[PDB]
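Below you'll find the structure, written out as structure tokens, and then a few comments.
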RNA sequence: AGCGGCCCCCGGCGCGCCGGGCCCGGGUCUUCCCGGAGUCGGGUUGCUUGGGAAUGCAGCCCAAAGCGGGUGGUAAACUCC
RNA sequence: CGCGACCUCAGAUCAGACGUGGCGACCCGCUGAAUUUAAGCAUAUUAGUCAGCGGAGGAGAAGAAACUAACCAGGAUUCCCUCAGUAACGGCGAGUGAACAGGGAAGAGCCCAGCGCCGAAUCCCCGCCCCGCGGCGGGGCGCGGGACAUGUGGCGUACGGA
Ligand SMILES: [Mg+2]
Ligand SMILES: [Mg+2]
Ligand SMILES: [Mg+2]
Ligand SMILES: [Mg+2]
Ligand SMILES: [Mg+2]
Ligand SMILES: [Mg+2]
Ligand SMILES: [Mg+2]
Ligand SMILES: [Mg+2]
Ligand SMILES: [Mg+2]
Ligand SMILES: [Mg+2]
Ligand SMILES: [Mg+2]
Ligand SMILES: [Mg+2]
Ligand SMILES: [Mg+2]
Ligand SMILES: [Mg+2]
Ligand SMILES: [Mg+2]
């Protein structure tokens, strides 16, 4: 039974909502369990970074997040090859791989390539056993710095550009932005039907010629 | 090799050859019992393709099962209730005959655990399937690293729970714009978190 | 002049340069190798043809094309599969005429 | 019938075998040995 | 009415050829078990 | 998705060094203002704006907004 | 209360000593596979779904192909992606 | 007219293993309502819910695309926030009702068959010697039995590759 000028509402309580309620009373213990697990893992993997392997750069899909950049899941097998790395040992260095990916550009590829090459510069690989065969670092650096990193590795951050001031020429003052947009929508809308009436016009031009 | 030539053959289930054979075997099996053991397969390639290796510890049974739908089991019709639910005849059970057959064999043979199955015959009122079974405690299977996954206490009675190829179909599992239930793992679990209210502390 | 990068029309999009390489020829599935072809045409002479496609080859000798397609479409399903099939069965009759009339 | 269940359950009578299983789990189902002599 | 592709497994040989055929192939039989052990013994013994 | 903005609330995307160092040194400075950086796509002509020859970059424009800018002695630029 | 003490057992983490296994990598040419059937798929029916000229599931009928097959949220044909 | 075989098929207090029943808060699969709301009621809602029958573990299930998308593109599954009381369904009436993208917890990928090469290069049981024996294993010698060519093991599975 309604009354003077309120809202109309539709609440979703006509079921038995009451056997199935959920309390967030275990919120802190859930936090506490994780730390002791998150610490202990990093103690298990002693010098290795706690966050995990390295992850790549990846742009976000849609028109809304068209512009931003984030961290992905795996380097592709194309871009590894360019670095000269095998898809089997990389998992052991700390490198991530997903082979479901593609590449439909070149400027994406060169960036993640240049990321990998800095990585192996800043890497440190211990020898298995005291002998020092190929790709085994010197004891000097191997003792000084052998410690974990805190947080992610080579973090992703969105850079911007700075187009400096410049003088406005006349080629720009005499540009008609709005009208060009309106023309553009139109041509994309009538691109097909024009040709079809034109083709039919030309397919009767033969009748005019015959 | 040869298992290919055989394969394209069985894809032609209407030539004079296969019409002959199947008509002949259904005669035969129809005379035997409802459940009996077979010594060896009738579709060897298919069985190899599901995971039948030819060693001792693997088994083949054959099964008969009657066709049709499901009559609502009650007295003389007369379901006591709404007009929507006066339905007794044009009703269609929610699992396939193939998975039904696996179930009988699992219940009759309790130690033996069930791998998968396939089709070999058809008739007006019967339909015949073969079923592939395993003995877990035979040492040939215990000592082989690549098939002792099933000697764990967890892969009991797969047929009773929907975990073969023929059981996984009826549940409805997939990834796309077509399923959207079973996002959790199953229909119940989706129903829960959607019809479950979450009351935080602070709000 | 002074064309800018529009965001709409026939030619839109933040412009880039493409890379070109081998494709994932996982996309090369369902293609016809010679050894596999030797199989299917061998089994064809051994087992033979089915009754509906047999019924159809009558209509095609008498050049009743339209009815052939509709029969097959009822008896199979989709328009496409029918169109492909009708052309196969015609080629079958071609070798027949080619082989016999000499 | 909740009541009808709870009058005959696993926890109602003697449990003359489970009572020790609980005591044996607490050490690891050891067997075949003794403590140190004296 | 038995079709031919099955029927051709009833047009078979007679006595006089099958004996010649079996009598021949009895010379080209595979390696018997423990005829194989002897073979290996003698074979890897040839390293001296 | 098309977040909108007017002209009055445009010089606030940039700091105060910019707007003051313009109208100064008399080179034809005419700074550059990206809206897609600060989370906006289309430009709208609600208000007015003070006399400096600014440049703007945005995906879309409106008719009156394009006018006011050229009226003050600036320009408009499109991007993808 | 205490980076307090004494005793007993069970842990695991690593260095020694024989046994047996394994002789097991990566850059330029010719062949291979194009791969899993009463199954996809299509009709008609019944239950279900937000899924609407049929989301999903099952019965009965018909029943495939191999530069093919599926998807591309309005039925159908013709074509490009 | 005795032996080899399987179409095959029964028997034994034969030697050696196994399954059944119980609890059932959390989990998986089937089956499955009426009160009630609509100020009446028959579709709808209550509800894929109570009751009912099965089957388990310390978690279970799902799971490494016959995907999402239309972007300068992402990239197994699972839980949280949000998208959202929205798009859509509906005696278009009472009423119902999701997904993607974005940010986080955690993060790990891999085997077969079929094509194809390798003197079946492979497995089980009894016998004897030696270590080890209370989660019955290892090493060696038996012209000792058996399964297997109606296909056992090594190389190798679309990450496109081999
Ligand atoms: Mg009020
Ligand atoms: Mg179907
Ligand atoms: Mg409903
Ligand atoms: Mg039980
Ligand atoms: Mg009422
Ligand atoms: Mg009332
Ligand atoms: Mg009433
Ligand atoms: Mg009703
Ligand atoms: Mg309902
Ligand atoms: Mg219940
Ligand atoms: Mg599991
Ligand atoms: Mg809102
Ligand atoms: Mg509902
Ligand atoms: Mg998401
Ligand atoms: Mg994290």
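In whole Å, how far is the Cα centre of region B:115-192 from that of region B:39-89? One Cα centre to the other: 14 Å. For the pair residue A:143 and residue B:181, what calculated FRET efficiency results from E = 1/(1 + (r/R0)^6), where r is the Cβ-Cβ distance and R0 = 51 Å, to the nearest 0.05? My answer for the efficiency is 0.30. Each principal axis of the Cα cloud of region B:80-194 was taken in turn, and the coordinate range along them, longest first, works out to 59, 44, 29 Å.
Report the relative contact order of chain C, percent, no decimals, based on alpha-carbon pairs under 8 angstrom and at least 6 residues apart. Numbers along the way, then the final one.
Numbers: 31 pairs, mean separation 14.7, N = 102.
Once normalised by length, the contact order is 14 percent.
When only alpha carbons are used to place a centre, region A:74-145 and chain E end up 59 Å from one another. Taking other C-beta atoms within 10 angstrom as a stand-in for reagent exposure, B:113, B:168, A:157 fall in the order A:157, B:168, B:113, fewest first.
When the alpha carbon coordinates of region C:47-102 are projected onto the principal axes, the ranges are 38, 27, 17 Å, largest first.
Listing C:25, B:155 from the residue with the fewest other Cβ atoms within 10 Å to the one with the most, what is the order? If you can, show how the numbers build up before the last one.
Working: C:25 8, B:155 15.
Final ranking by Cβ density, sparse to dense: C:25, B:155.
Quote the relative contact order of chain B in percent (integer), defining contacts as alpha-carbon pairs under 8 Å separated by 6+ residues. Write out the running numbers ahead of the final one.
Working: 213 pairs, mean separation 36.2, N = 203.
That works out to 18 percent.
Using the rule -39500 (n - 2.57) for each DSSP H run of four or more residues, divided by the residues of chain C, the 222 nm mean residue ellipticity is -19000 deg cm²/dmol.
If you look at the Cα atoms of chain C, you get an Rg and a Dmax of 23.8, 72 Å. Does anyone have the angle between helix C:65-76 and the longest principal axis of chain C? Alpha-carbon axes, 0 to 90°, nearest 10? The angle comes out at about 80 degrees.
Of all the options C:55, C:24, C:75, the one that moves most in a Gaussian network model of chain C with Cα springs shorter than 10 angstrom is C:24.
Along its first, second and third principal axes, ordered by size, region A:1-134 spans 85, 42, 21 Å in Cα coordinates.
Across chain F, C-alpha contacts under 8 Å between residues 6 or more apart give a mean separation that, scaled by the residue count, equals a relative contact order of 31 percent. The equivalent ellipsoid that matches the C-alpha gyration tensor of chain E spans semi-axes of 44, 15, 7 angstrom, in descending order.
Assuming 0.36 nm per residue, please report the length gained on full extension of the stretch residue C:45 to residue C:1 beyond their Cα-Cα distance.
Numbers: separation 44, 0.36 × 44 = 15.84 nm, distance 6.86 nm.
9.0 nm is the gain from fully extending residue C:45 to residue C:1.
Peptides B:124-130, A:25-31, F:12-18, C:5-11 ranked from most to least packed give B:124-130, C:5-11, F:12-18, A:25-31, packing being the mean of other C-beta atoms within 10 angstrom over each peptide's residues.
If you take the Cα centroid of region F:24-80 and the Cα centroid of region D:5-26, the two points sit 83 Å apart.
Send over the semi-axes of chain B's equivalent ellipsoid, whole angstrom and largest first, taken as the square roots of 5 times the C-alpha gyration tensor eigenvalues.
On the way: eigenvalues 252, 152, 65 Å².
The equivalent ellipsoid of chain B has semi-axes of 35, 28, 18 Å.
Sorted ascending by nearby beta carbons within 10 Å, beginning with the fewest, B:88, B:114, A:167 become A:167, B:88, B:114. Report the extension gain between residue A:182 and residue A:39 in nm, rounded to one decimal, defined as 0.36 nm multiplied by the number of residues separating them, less their alpha carbon distance. Between residue A:182 and residue A:39, full extension yields 45.5 nm more. Taking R0 as 30 Å, what's the FRET efficiency between residue B:138 and residue B:3 from their Cβ-Cβ distance, rounded to 0.05? According to the calculation, E is roughly 0.70. Compactness of region C:1-60, taken as the C-alpha radius of gyration over 2.2 N^0.38 Å, stands at 2.47. With all projection directions averaged, the alpha carbon convex hull of the protein assembly as shown covers 73.4 nm². With the helix formula -39500 (n - 2.57) applied to DSSP H stretches of n ≥ 4, chain A reaches a computed 222 nm mean residue ellipticity of -12500 deg cm²/dmol.
All Cβ positions, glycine included, derive from the backbone under ideal geometry; neighbour counts span all protein chains shown. Coordinate-derived values only; no laboratory data.
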